Amino acid sequence: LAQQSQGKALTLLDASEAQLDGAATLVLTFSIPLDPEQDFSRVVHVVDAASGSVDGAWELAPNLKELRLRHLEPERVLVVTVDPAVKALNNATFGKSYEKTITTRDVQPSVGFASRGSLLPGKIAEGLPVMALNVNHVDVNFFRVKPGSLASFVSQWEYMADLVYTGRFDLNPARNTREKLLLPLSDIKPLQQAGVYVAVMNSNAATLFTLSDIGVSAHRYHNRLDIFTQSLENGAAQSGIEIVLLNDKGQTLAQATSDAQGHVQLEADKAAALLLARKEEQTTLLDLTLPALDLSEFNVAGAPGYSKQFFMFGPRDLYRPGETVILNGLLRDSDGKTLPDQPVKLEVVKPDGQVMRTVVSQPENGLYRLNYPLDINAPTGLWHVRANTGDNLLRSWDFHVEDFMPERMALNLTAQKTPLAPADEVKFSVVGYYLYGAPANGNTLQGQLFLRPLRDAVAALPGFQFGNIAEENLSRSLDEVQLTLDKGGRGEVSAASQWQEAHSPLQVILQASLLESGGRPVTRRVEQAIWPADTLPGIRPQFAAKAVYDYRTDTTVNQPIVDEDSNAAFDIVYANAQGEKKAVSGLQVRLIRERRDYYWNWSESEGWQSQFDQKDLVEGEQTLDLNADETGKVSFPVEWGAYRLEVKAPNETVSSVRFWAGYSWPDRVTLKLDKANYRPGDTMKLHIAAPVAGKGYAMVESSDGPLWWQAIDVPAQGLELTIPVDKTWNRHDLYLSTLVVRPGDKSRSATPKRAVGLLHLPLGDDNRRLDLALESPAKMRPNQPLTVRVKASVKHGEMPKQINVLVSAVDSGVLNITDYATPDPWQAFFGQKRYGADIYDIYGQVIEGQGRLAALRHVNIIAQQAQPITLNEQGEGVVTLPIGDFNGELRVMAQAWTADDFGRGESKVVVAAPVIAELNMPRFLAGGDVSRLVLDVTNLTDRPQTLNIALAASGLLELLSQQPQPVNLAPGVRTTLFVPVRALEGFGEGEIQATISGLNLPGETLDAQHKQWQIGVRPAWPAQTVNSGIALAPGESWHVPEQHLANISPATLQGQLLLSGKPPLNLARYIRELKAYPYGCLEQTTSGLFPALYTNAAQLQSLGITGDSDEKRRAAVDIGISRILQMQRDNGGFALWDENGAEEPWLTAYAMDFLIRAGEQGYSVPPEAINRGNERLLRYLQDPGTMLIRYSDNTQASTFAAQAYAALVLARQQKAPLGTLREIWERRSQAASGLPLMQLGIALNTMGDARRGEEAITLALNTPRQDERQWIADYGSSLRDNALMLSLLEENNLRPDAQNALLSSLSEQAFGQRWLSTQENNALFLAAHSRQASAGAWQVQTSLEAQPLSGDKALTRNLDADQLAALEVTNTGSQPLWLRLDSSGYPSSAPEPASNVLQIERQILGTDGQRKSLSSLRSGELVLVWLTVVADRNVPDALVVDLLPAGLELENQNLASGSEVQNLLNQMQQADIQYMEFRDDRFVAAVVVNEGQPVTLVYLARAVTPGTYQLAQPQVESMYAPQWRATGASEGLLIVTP
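Residues numbered from 1 in each chain as written, not as in the entry; some residues may be left out. Heavy atoms only, no water.

Colleague: Got a minute to help me understand the packing of aromatic side chains in this structure?
Modeller: The way to describe two aromatic rings as a pair is by their centre distance and the angle between their planes. For the structure on display, the rule yields 35 aromatic pairs. Centre to centre, the rings of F1090 and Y1150 are 5.4 Å apart; their planes meet at 15°, and the pair counts as stacked. Separated by 60 residues along the polypeptide, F1090 in helix α6 (residues 1089-1094) and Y1150 in helix α9 (residues 1145-1160) bring together distant segments of the chain. Residue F1090 is classed as buried on the basis of its relative accessible area of 1%. Look at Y1150 and you get buried, because its relative accessible area is 3%. Clustering of aromatic rings is evident, with ring pairs tying together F1090, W1146, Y1150, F1154, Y1205, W1271, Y1275 and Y1520. (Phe/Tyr/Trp six-rings, centres within 6.5 Å; stacked < 30°, edge-to-face > 60°. Helix = DSSP H or I, 4+ residues; strand = E, 2+ residues; numbered from the N terminus. Buried < 20%, exposed > 50% of the residue type's maximum accessible area, 1.4 Å probe, protein only.)

Colleague: I would appreciate a short explanation of the packing of helix α11 (residues 1195-1212) against helix α13 (residues 1234-1246) in the present structure.
Modeller: Two elements in contact, α11 and α13, have axes separated by 8 Å at closest approach and are oriented at 35°. Of the two elements, α11 crosses α13, and the hand of that crossing is left-handed. Between α11 and α13, the contacting residues are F1200, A1201, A1204, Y1205, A1207, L1208 and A1211 on the first element and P1236, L1237, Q1239, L1240, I1242, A1243 and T1246 on the second. (Axes fitted to C-alpha atoms, helices over the stretch in contact; angles between N-to-C directions. Left-handed = near helix turned anticlockwise from the far one by under 90°. Contact = heavy atoms within 4.5 Å.)

Colleague: Even after reading the chapter, I still don't get the packing of helix α15 (residues 1278-1292) against helix α17 (residues 1318-1329), so can you show me in this structure?
Modeller: The packing of two helices is summarised by the inter-axis angle and the distance between the axes. Running from amino to carboxyl end, α15 crosses α17 at an angle of 30°, the nearest separation of the two axes being 8 Å. The pairing of α15 with α17 is recorded here as roughly parallel in orientation. Between α15 and α17 the crossing geometry is left-handed. Contacts from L1279, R1280, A1283, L1284, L1286, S1287 and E1290 in α15 reach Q1319, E1320, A1323, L1324, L1326 and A1327 in α17. Here the contact of α15 with α17 is built from residues that sort into eight nonpolar, two polar and three charged. (Parallel < 35°, antiparallel > 145°, perpendicular 65-115°, else oblique. Nonpolar A, V, L, I, M, F, W, Y, C, P; charged D, E, K, R; others polar.)

Colleague: Mind showing me how you'd approach the sheet that holds strand β3 (residues 44-48) here?
Modeller: For sheets, the rule is that strands pair by backbone hydrogen bonds, running either parallel or antiparallel. The three strands lie next to each other as β3-β6-β7, forming an open sheet whose pairing is antiparallel. This sheet does not close on itself; its edge strands, each paired only once, are β3 and β7 (98-103). Within this sheet the neighbouring strands show an average axis-to-axis angle of 20°, counted without direction. In this structure, β3 lies alongside strand β6 (residues 77-82), joined through five bridges in antiparallel fashion. Bridging across to β6, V46 finds its partner in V80. (Pairing = 2+ DSSP bridges.)

Colleague: Looking at this structure, how should I read α9?
Modeller: A turn of α-helix holds 3.6 residues, and therefore any two residues three or four places apart point the same way. Taking 1.5 Å per residue as the helical rise, α9 with its 16 residues ought to reach 22 Å, and the 22 Å between its terminal C-alpha atoms agrees with that figure. Here α9 lies mainly inside the structure; 14 of its 16 residues are buried. Looking one or two residues past α9, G1162 carries a phi angle of roughly 90°, positive in sign. (Expected span 1.5 Å × (residues − 1).)

Colleague: Mind showing me how you'd approach the nonpolar core here?
Modeller: Within soluble globular proteins, side chains that are nonpolar tend to cluster in buried spots. By size, the foremost hydrophobic cluster in this structure holds 119 residues, and its most contacted members are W383, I1121, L1155 and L1240. In terms of residue count, α11 provides more of this core than any other element does, 11 residues in total. In contact with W383, other than residues within four places in its own chain, are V348, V349, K350, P351, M356, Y372, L374, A378, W397, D398, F399 and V401. One finds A917, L933, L977 and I992 within the second-largest nonpolar core, a separate group that totals 73 residues. (Core = buried A, V, L, I, M, F, W, Y, C linked by side-chain atoms within 4.5 Å.)

Colleague: Hey, could you run me through the pairing of strand β85 (residues 1482-1489) in this one?
Modeller: Both faces of the sheet carry side chains from a regular strand, because those side chains alternate between them. By the criterion of burial, β85 is predominantly enclosed, with eight of the eight residues buried. Judged by which residues are buried, β85 turns out to be covered on both faces: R1482, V1484, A1486 and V1488 on one side and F1483, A1485, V1487 and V1489 on the other are all buried. Note: strand β82 (residues 1435-1443) against β85, seven bridges, orientation antiparallel. Across the sheet, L1443 pairs through a bridge with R1482, a residue of β85. With five bridges connecting them, strand β84 (residues 1473-1478) and β85 associate as antiparallel partners. Bridge assignment links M1476 to a residue of β85, and that residue is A1485. The turn joining β84 and β85, which pair antiparallel and follow one another in sequence, is formed by three residues.

Colleague: Sorry if this is basic, but what is going on with the side chain of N90 here?
Modeller: Take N90: it is sitting in the loop between β6 and β7. By relative accessible area, which is 7% here, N90 ends up buried. A polar contact of 3.0 Å, which involves the side chain of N90, links it to the backbone oxygen of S5. Residues within four places of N90 in sequence aside, it is in contact with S5, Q6, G7, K8 and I32. (Polar contact = N/O pair within 3.5 Å; in protein donor to acceptor, adjacent residues only side chain to side chain.)

Colleague: Can you walk me through the pattern of salt bridges in this structure?
Modeller: Any two side chains of opposite charge can pair, on the condition that their charged atoms come close. Considering all chains together, one arrives at 74 salt bridges under this definition. Put simply, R540 and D571 hold a salt bridge, and the shortest N to O gap is 3.1 Å. Within this pair, whereas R540 is found in strand β36 (residues 536-541), its partner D571 is found in strand β39 (residues 566-575), the two being separated by 31 residues in sequence. As a salt-bridge pair, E958 and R982 come within 2.6 Å of each other at their nearest N and O atoms. Of this pair, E958 sits in strand β66 (residues 957-959) while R982 is found in strand β68 (residues 974-983), placing the two residues 24 residues apart along the sequence. (Salt bridge = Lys/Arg side-chain N within 4 Å of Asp/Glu carboxyl O.)

Colleague: What's the story with the sheet that holds strand β88 (residues 1515-1518) in this structure? I'm lost.
Modeller: Judged by pairing direction, the sheet is antiparallel, and its five strands sit side by side in the order β84-β85-β82-β88-β89 without closing on themselves. Each having just a single partner strand, β84 and β89 (1525-1527) make up the two edges of the open sheet. Averaged over all adjacent pairs, the angle separating strand axes in this sheet is 10°, with direction ignored.

Colleague: Mind showing me how you'd approach helix α16 (residues 1296-1309) here?
Modeller: Given a rise of 1.5 Å per residue, 14 residues ought to cover 20 Å, and the 19 Å separating the end C-alpha atoms of α16 matches this to within 8%. Buried within α16 are the following residues: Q1299, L1302, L1303, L1306 and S1307. When α16 is viewed along its axis, its buried side chains cluster within an angular range of 135° and face the same direction. Opposite its buried face, α16 presents the exposed residues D1297 and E1308, each directed more than 90 degrees away. Of the surrounding secondary structure, the elements contacted by the buried residues of α16 are α15, α17 and β78 (1377-1385). (Arc of directions from axis to C-beta.)

Dropping the structure here:
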């Protein structure tokens, strides 16, 4: 706005100094708002008439009138000048120049201690730092705290004294400048006397400091506290008494006195804050609530140490919504030994913290397993599996859930295969195209070239490594690719040779992203091999890689290792790219030892870093000769350290392989041990070396508490100790601590008076590791079992018995996303556990630690896991893993375990297909749609191929063209076949089947390639249902009304005939109508689950319903329950569409009711959900204000309904406080229906007061639903209310003569048919379900069968399109006969647009804004689908559904380049949209339609697959008053062209 200032001039109101935010600030105040753009510098300026220019950082307030300048130096003469410009907002401009001089005035004085104090003691403790500003002197009192009330006094501090005043310190700081001055105390005799003192002046007016000789140290554990009291003065070792106190509270928790060693042992958990150590007059304190000593630079990192070790693991940690998460678990003690059988409580936790499933998992032959089906609409993000073993210390297995959107484009990158010489330049062939069979034209490809060392350079010879691993400049980045592509799809990249000196095989890797519209690119990578000679040397170690820990990676890694002082064997070859093995003589084979000399190095911002100087030494050398087809074998004696075997050929080509001979690959107290690794029986030789000689104590400890300790005196030549290893030392969380202290309190040369040393105590054993060798072919063909053979080894001792192995196979791509390391149980049970203790000290604070070092280096996923096998006597086993499709690299993994031992196994299998065939098709099809499918076929073999492709259509789909001719494909070439198909009327799926014959492969027989695609097929027009019924007197006849047949196409025409001897209820109709399209709505999902909850296949088939073998049903119930839980809010309440949506109490009550009912039928639901639900319902009852019912017409009725239902739901659980029920009953007049009164009545009847219950029931049966249908927020109707009331009556067994009459009336009332709500269907089902119509005899003659139909219970029978068109029924029974006939089918002609209350219209525009034809659309073209909905009422539950033509796919983005289009979008921004989802074949939108304001909806759509597609009418309805419907016109057809 700001035009309120229009017509006004611009004058300066006030330019002056002021205190702003505690700082001296210059403020100019103008009359009217200024131009907020930063132009203040060439117009308004300040000038010191002495110093000159100053800070010109002009600031403008939230107000546009005041211009500020912060931080002015005191007592300064400032000249402020305002030039004639400034402009302001209404371009008024300031008149002339305004100059004003001002003095900035002095600052108010201040003084106080820089610190509240510290508990650090001293022998004299001089110098008290103070921050003075313009102050000549300070008076300070000096108190001495009473040794009696000392405790309470100090406890009052942090979270009672005499007086020894001296005071008056002369502080002479410079003017207008805050200086840090110190107060001497050395020349104050009445203060050197030990004790606790407090200074106070008259803003930190007081500080504290202690004088004492007692130097205290403390090690706190999770439940134990060990204290060591020694002297600050005479080295170490001291007695004395000490106490542990509470937080704020000065109350004692425990007391003790030091022994002859200084040690003390106390039991304390939390709250034990202040620690106080006295020796008569001397007293030293320690605040344990402060931060402990930082040990970040020590090797103390690791996993927490638990008594019970629960190792959770699986094939992967990255899943997509829909597929099942697999989890395995192994439970052991603190030394990896078996514990007695016990359960474990596992909970699945989704990102927002809520629990999705809670299982008490039992083990099976020692292995815990957990499968969790992720819902199709599961939240993406970080999930946890939370395990409880009983200690209430929660274990957590993290796993990510992500969803990947398709690429809708294809990029092909190819190279020259055969290696190039360094002289050659490298050129890459690029071919990009759209999936619907169109060249990617003008698409800007952007990528990058990389240079890497090729070591796997010969596929014919696996294991052989090529190239000098020591050669420099083998791994660097090259040029960046930016190619406009231009041509119809094709492009060419090139790379000039920056490599010549290279003596190793190189590879140049292109990584390129193809761009569409700056939205979701298609990235691919390709590599070109480069050799320095047509033939090269190659090394393959005979010894196998062993599993070892890498602290940089923090996971178990395979490395080539041999035993210390041994013989390293190697296979050498002289070979080329193709083929194998050539002749050569005089191969120079050197064994190079890599010697490293480590040394520490200090710096300014690096701190103490561990450096090292390396040197390569030639330990061994041999000379070798090789003939044609020979594998030379060399053996080199090795000792210890890192080696590399180097083979050099006469053509100056080098190949090196690094390996190790040993499994081992200043400001602190350096600790050393005699030998790495121990056992619970040996003895430790501990060497302690400190920079400066001193006294203190060493310790061997863990979590829980210390296992050994000793006070020590370390001279200037180190110290040697001998420590025994008890039998109770088998924890792997053991650490060896050392504390050394310098004698003198004061000294020179700085010297850290405190020195700490801390070393992890090695105790593991390499004899308990199962070494796993996984044998499998490095290459295989898809759709054939992958055979993996396991071979275990142990090195020392015999083969353990009953080795359980758990093999898995996962696509390496999925693993590389998360950098997923193959899980190892060994490192889990025997790995280095963390230092579980906090060190509290009284000496100087820790330096900082700088910090610990780090390290530096749609398609359905293939992810399997076989059952656990058991190896034989030789430790051998075999597993088969059926590989589906897939073309890439599988990482085969295996975890093994016995009772005491554990192991890991890795392997890599390249799954590759000879030829690849991909069929691009639309996301679905509609009956009658003709569509052009694109079949891309590529030949990856080295030979040319003549393939015979055979296509076959199955299901609701047929081919239109003849079979393809035989295709001649050259190596690497791709061809495109067009497959015109048509869909068939019906609801189902169509399958395309492809068979490729020929192939030809020397060495392989190979059965012909088969492939199969499925596609969804739905009728373009909504299903039409027609219901009839009648009562037939004895002798009467009845024929099928022509209404059931007219304008409906046969073969799609179903029908159900219900015959009953009493007023019936269409159970099967309710059930069948409760089986609708997803949409994801809560209530819809819940209502649909009630039938499945109370009907087995036995009962279903009796009604003419088949499918789901009960287990499938129960699984569906589970899926439903998940889908329900995925919408429970954080506060326990539920929402209609999503977890972050508005809250609806009635739905909360509903969902809860279903969940309780589900629990009653043996289905599991996490107690968190149930409990928060019940809490929320209870709060609905006891705090009605928390509710917020939106779009209601009668809030009191809404509230009463919600409260009544909640009351019932809780009352069922015996959790409904009667007082509140009565408190509600005293508001019964607000009820706008009988149902709430009924429910509340049952609640009262349930929780005691039967009288008011019966009253509520009787009243309910005489309280008709009264409301002009607006909302009320009970999702209800007269029908559903009467149904649910009858249901409650029948369920609770109450009034008979009422439920009979009501049942009959309801059966009669059910003739408000054709369009019922899900809630109505559910209610009707609940009514019919709990019904007991008893014996009702009936006989009838029909056209269906020669014999009469007869029964005493109501019978439902199915009818085909013929039986139904010829139906005749005649009662041949003595008594009457009730007959119902329900029909359903799909139209033969497009139906006329209808309308009722709601009105829908659709118009298609172009992105330009103009109207667009749906008969001239080319592929890849965008169109705006403009929907408009209107109604003469307030429809809060309006749901828009716009069926797509298969030729259009939706762009998923809400809100929607300009022009009158924006004038539509805006209107969409004014529409209160509840929910919106862009499906594969639908546009959906939950919205409220207010009276007399049209709802505008626009959504973007892209044309893709060429063809002639059916086009359906728009559709809108009221979800719970579904007689209010509208379908609005259609152009008839959609044409998409290439």
